[PDB]
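**Q** One structure is given below, represented as structure tokens, and several questions about it will come after.
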Amino acid sequence: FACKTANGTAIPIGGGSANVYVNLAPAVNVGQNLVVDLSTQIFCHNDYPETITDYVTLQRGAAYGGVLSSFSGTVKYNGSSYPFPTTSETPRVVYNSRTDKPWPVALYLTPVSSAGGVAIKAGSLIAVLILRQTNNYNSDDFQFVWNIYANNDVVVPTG
Amino acid sequence: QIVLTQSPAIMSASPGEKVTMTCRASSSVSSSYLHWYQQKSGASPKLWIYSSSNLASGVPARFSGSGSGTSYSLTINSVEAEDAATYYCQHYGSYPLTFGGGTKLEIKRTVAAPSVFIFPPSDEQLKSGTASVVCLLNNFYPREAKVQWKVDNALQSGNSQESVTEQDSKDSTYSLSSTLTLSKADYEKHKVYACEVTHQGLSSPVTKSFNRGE
Amino acid sequence: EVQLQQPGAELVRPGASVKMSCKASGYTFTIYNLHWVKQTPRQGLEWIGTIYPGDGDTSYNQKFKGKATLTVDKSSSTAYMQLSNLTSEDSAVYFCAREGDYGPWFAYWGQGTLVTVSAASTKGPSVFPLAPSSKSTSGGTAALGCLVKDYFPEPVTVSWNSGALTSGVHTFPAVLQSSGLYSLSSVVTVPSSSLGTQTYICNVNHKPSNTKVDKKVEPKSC
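Chains as they are written, first to last, in this note's numbering: chain A, 34 to 192; chain B, 1271 to 1484; chain C, 280 to 501.
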């Protein structure tokens, strides 16, 4: 069960880590929302779709940096919305295909009434999300952790 | 910043009654980010309730968190002797965090009679120019305890130190020790060493005494 | 399983720096946030700061900012705190903790490093036997104990019969005597019949001074 990033980095069987550099909106005025889409970046595929079927769940979603202070929001997984930082195990998703299928994780971050200025710093850690894969084949548990950085500063208009 | 104020900070629950501990927030807080921890005195805090309603692993099913927005609280239904601890609330998910105050539950039994004991310094301590004498006050309730020493009927004041035990998790009793430090020259000066204590469970104060090697 | 082991005590001279440790076992180290916290008899638990071992991201409270620097090694699975320009108001018990496997809650904690700021050197505990001294009729409870005197740094751990006699043991908290030292006592109530027929030993352990001692509290015979 190998997962890849749109850039080209890959996490082999067993798990590991992979930094993901996502492009956030240049400016997110208060009262509006900021969408960090990861289905366009993180992809996964089943190694042996014929006989096994993997189960993928978002174990943990943690916020870091200017997201933690200024941007408290939600996470959308397979059409279901949950708090962020996450507080519960998301439901499973079936992977039975040799083709690369996305990981439907979408962060929805909204600015709090704080002015913020430079809410998010370019190159800083803005999220950490944990994928868990346990197969219906044997006693299995792998963790795939993705560190989501921000390429551009997400300035919140003051007025 | 969002601050947490624990209202009671001191309680007294009988071994079979209910109790409620509020944790007010300065501003409204998402109900999934307030967690209650229990720390028994002289130990490390343990997770007790997360997301303001759920129960941590191993916790008895008596605790039932509730509340949302600004006045999250707690409820112990059948208060047992083992719930005497300090309960803290934490709001994690904003960044400043908080561990506002703390509520020290006290379990109230009826009455206990102190078991008064005396121990004189041995030869080992006698060699090193010290003759500390220790008076033990075993399981007693409540914490209204008063020790007083007598060397040939003389009420000492100042040269006595107290140490009180942090309740009990089986009978909610308190225990105390009084240490009387006196130099070897001062120790070989009187032959009647006494220790008397005032408590609710004693009709009259009970004095225990000894002699220098009798 | 998952443990966050901290060293017991830490004695540090004033105006200087001390470095603690927090060894994490039982899980992938570079996967969860490690937090630090302090506890005092004064105002409640104060969150020192955070560290994500997988990236090195740290963030401090707002006030232990020029005093806290959280760094991890990622090789031996340890997290480190170093305290800068440490004064006398920074004497407290420090806990390192980790978030839960499925949420931002302070799941697993540590024993706690009890830092005391002072100048006096470490001193080993002198242990004295508090004899039974049967109370005339006897035939019941006859407490016996041992007194730990002249030890400066907390904590000193007392165990009776080498971690066996937990029945009726009492360890009163330390008291600062008028000599720049701490003292305490440990007493156990035992049946009056066991006296003179059962071996009673109190073991006193002092990590900051590296001294373990065993005392044979026995009924004093005339």
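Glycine included, C-beta positions come from ideal geometry on N, C-alpha and C.
When you compare the CB of residue 1342(B) with every CB in chain A, is at least one pair closer than 7 Å?
**A** Along the second sequence, one-based indexing puts residue 1342(B) at 72. Output row for residue 1342(B): interface = no.
**Q** Determine the direct distance from the alpha carbon of residue 144(A) to that of residue 185(A), and round the result to whole angstroms.
**A** As a first step, residue 185(A) is located in the first sequence; it is residue number 152 there, counting from the start. As a first step, residue 144(A) is located in the first sequence; it is residue number 111 there, counting from the start. C-alpha separation (whole angstroms): 16 Å.
**Q** Establish whether the CB of residue 1302(B) and some CB of chain A are separated by less than 7 Å.
**A** The residue you call residue 1302(B) lines up with position 32 of the second sequence. It does: the Cβ of residue 1302(B) has a partner Cβ on chain A nearer than 7 Å.
**Q** Whose C-alpha, out of 490(C), 315(C), 495(C) and 295(C), is nearest the C-alpha of residue 386(C)?
**A** Translated into the one-based positions of the third sequence, residue 386(C) becomes position 107. Ranking 490(C), 315(C), 495(C) and 295(C) by Cα distance to residue 386(C) puts 315(C) first.
**Q** For residue 1481(B) and residue 1461(B), what's the separation of their Cα atoms in angstroms?
**A** To locate residue 1481(B), count along the second sequence from 1; it is residue 211. To locate residue 1461(B), count along the second sequence from 1; it is residue 191. Near 5 Å, if we compare the C-alpha coordinates of residue 1461(B) and residue 1481(B).
**Q** Going straight from the alpha carbon of residue 429(C) to that of residue 1333(B), what length do you get?
**A** In the third sequence, residue 429(C) corresponds to position 150, counting from 1. In the second sequence, residue 1333(B) corresponds to position 63, counting from 1. Approximately 43 Å, taken between the alpha carbons.
**Q** Using a Cβ cut-off of 9 Å, pull out every chain B residue sitting near residue 143(A), in sequence order please.
**A** Stepping through the first sequence from its first residue, residue 143(A) is reached at position 110. By Cβ distance, chain B contributes nothing, its closest Cβ being about 13 Å from residue 143(A), past 9 Å.
**Q** Please classify residue 310(C): does DSSP put it in a helix, a strand, or coil?
**A** Here residue 310(C) refers to the residue found at position 31 of the third sequence. Note: residue 310(C) maps to helix in three-state DSSP.
**Q** So if I threshold CB-CB distances at 9 Å, which residues from the stretch 296 to 317 of chain C count as touching chain A?
**A** Listed by position, the residues of the stretch 296 to 317 of chain C near chain A (Cβ gap below 9 Å) are 307, 309, 310, 311 and 312.
**Q** Which residue's Cα is closest to the Cα of residue 1271(B): 1299(B), 1285(B), 1315(B) and 1325(B)?
**A** Residue numbering aside, residue 1271(B) sits at position 1 when the second sequence is read from its first letter. Comparing Cα positions, the closest option is 1299(B).
**Q** Give a yes or no on whether the C-beta atoms belonging to residue 434(C) and residue 393(C) are separated by under 7 Å.
**A** Counting from one through the third sequence, the residue named residue 434(C) turns up at place 155. Counting from one through the third sequence, the residue named residue 393(C) turns up at place 114. Result yes, Cβ atoms of residue 434(C) and residue 393(C) sit closer than 7 Å.
**Q** Please list the partners that residue 1321(B) has in chain A, where partner means a Cβ-to-Cβ separation under 7 Å.
**A** Your numbering for residue 1321(B) matches position 51 in the second sequence. Ordered by position in chain A, the residues that pass the 7 Å Cβ test against residue 1321(B) are 120.
**Q** Can you pull out the residues from the stretch 374 to 393 of chain C whose beta carbon lies closer than 9 Å to at least one beta carbon of chain A?
**A** Hits within the stretch, in order: 378, 379, 380, 381, 382, 383 and 384.
**Q** Measuring alpha carbon to alpha carbon, tell me which of 493(C), 457(C) and 471(C) ends up nearest residue 408(C).
**A** In the third sequence, the residue the question calls residue 408(C) occupies position 129. Of 493(C), 457(C) and 471(C), the residue nearest in Cα terms is 493(C).
**Q** Starting from the C-beta of residue 270(C), find all residues in its chain whose C-beta is less than 7 Å away, skip the five residues before and the five after it, and write them out in chain order.
**A** With chain C covering 280 to 501 only, the question about residue 270(C) has no answer from this structure.
**Q** Hey, is residue 333(C)'s beta-carbon within less than 7 Å of any beta-carbon in chain A?
**A** Position 54 of the third sequence, counting from 1, holds the residue named residue 333(C). At least one chain A Cβ lies under 7 Å of residue 333(C).
**Q** Less than 6 Å between C-beta atoms, sequence neighbours within five positions excluded: which residues of the same chain meet that for residue 48(A)?
**A** One-based indexing of the first sequence puts residue 48(A) at position 15. Excluding sequence neighbours, residue 48(A) sits near 175, 176 and 177.
**Q** Compute the minimum distance between the beta carbon of residue 166(A) and the heavy atoms of the ligand MN, and state whether it is under 6 Å.
**A** As for the ligand MN, it is missing from this structure, which has no ligand bound.
**Q** Of all the options 93(A), 127(A), 87(A) and 159(A), which has the alpha carbon lying nearest to the alpha carbon of residue 171(A)?
**A** Taking the first residue of the first sequence as 1, we reach residue 171(A) at position 138. Selected option, being the one with the closest Cα: 87(A).
**Q** The beta strand (DSSP E) spanning residue 493(C) covers which residue range?
**A** The sequence position of residue 493(C) within the third sequence is 214, counting from 1. 490 to 495 is the span of the beta strand (DSSP E), which, as asked, contains residue 493(C).
**Q** Using the C-alpha atoms, what's the distance from residue 78(A) back to residue 85(A)?
**A** Along the first sequence, read from residue 1 onward, the residue named residue 85(A) stands at position 52. Along the first sequence, read from residue 1 onward, the residue named residue 78(A) stands at position 45. Each residue's alpha carbon lies about 12 Å from the other.
**Q** Can you check whether the C-beta of residue 138(A) is within less than 7 Å of a C-beta belonging to chain C?
**A** Position 105 of the first sequence, counted from the first residue, corresponds to residue 138(A). So, not an interface residue.
**Q** Would you identify the three-state DSSP class for residue 288(C), choosing helix, strand or coil?
**A** Locating residue 288(C) in the third sequence gives position 9, counting from the first residue. DSSP places residue 288(C) in strand when its eight states are reduced to three.
**Q** Can you name, in chain order, every residue of its own chain whose Cβ lies under 6 Å from the Cβ of residue 1342(B), other than the five neighbours on each side?
**A** Translated into the one-based positions of the second sequence, residue 1342(B) becomes position 72. Taken in chain order, the residues that qualify are 1293, 1304 and 1322.
**Q** On the criterion of 16 or more Cβ atoms from any shown chain inside 10 Å, does residue 74(A) qualify as buried, or is it exposed?
**A** Locating residue 74(A) in the first sequence gives position 41, counting from the first residue. Residue 74(A) should be labelled buried.
**Q** Return the Cβ separation of residue 181(A) and residue 61(A) in integer angstroms, given the expectation that the two are a contact with Cβ distance under 8 Å.
**A** As a working note, residue 181(A) is residue 148 in the first sequence. As a working note, residue 61(A) is residue 28 in the first sequence. Going by Cβ atoms, the distance from residue 181(A) to residue 61(A) rounds to 16 Å, so no, they are not a contact pair.
**Q** Sorted by chain position, which residues of the same chain lie with C-beta nearer than 7 Å to residue 345(C)'s C-beta, five sequence neighbours on each side aside?
**A** In the third sequence, residue 345(C) corresponds to position 66, counting from 1. Correct list, in chain order: 363.
**Q** Taking residue 118(A) as the reference, give the member of 373(C), 379(C) and 441(C) with the closest Cα.
**A** Translated into positions along the first sequence, residue 118(A) becomes position 85. The shortest C-alpha separation from residue 118(A) is found at 379(C).
**Q** Output needed in chain order: residues of the stretch 95 to 106 of chain A with a Cβ under 8 Å from some Cβ in chain C.
**A** So the list reads 95, 97, 98 and 101, given in the order they occur along the chain.
**Q** Taking the alpha-carbon of residue 329(C) as reference, which of 1277(B), 1367(B) and 1295(B) has the nearest alpha-carbon?
**A** Taking the first residue of the third sequence as position 1, residue 329(C) is located at position 50. Answer by Cα proximity: 1367(B).
**Q** Taking just the CA atoms, how far does residue 1374(B) sit from residue 1349(B)?
**A** Stepping through the second sequence from its first residue, residue 1349(B) is reached at position 79. Stepping through the second sequence from its first residue, residue 1374(B) is reached at position 104. About 13 Å.
**Q** Output needed in chain order: residues of the stretch 1398 to 1421 of chain B with a Cβ under 8 Å from some Cβ in chain C.
**A** Within the stretch 1398 to 1421 of chain B, the residues whose Cβ lies closer than 8 Å to some Cβ of chain C are 1398, 1400, 1402, 1404, 1406 and 1408, listed in chain order.
**Q** For a cutoff of 7 Å on Cβ pairs, would you count residue 162(A) as touching chain C?
**A** Translated into positions along the first sequence, residue 162(A) becomes position 129. Chain C contact via Cβ: absent.
**Q** Going by Cα to Cα distance, which pick from 1274(B), 1413(B) and 1312(B) is closest to residue 1296(B)?
**A** Your numbering for residue 1296(B) matches position 26 in the second sequence. Residue 1274(B) is the option with its Cα nearest to residue 1296(B).
**Q** When we look at the beta-carbon of residue 1381(B) and count the other beta-carbons within 10 Å, is it buried (16 or more) or exposed?
**A** Your numbering for residue 1381(B) matches position 111 in the second sequence. Per the 10 Å Cβ criterion, exposed.
**Q** Count the other CB atoms, across all protein chains shown, that sit within 10 Å of the CB of residue 165(A); report buried if there are 16 or more and exposed otherwise.
**A** Counted from its first residue, the first sequence places residue 165(A) at position 132. Flag for residue 165(A) reads buried.
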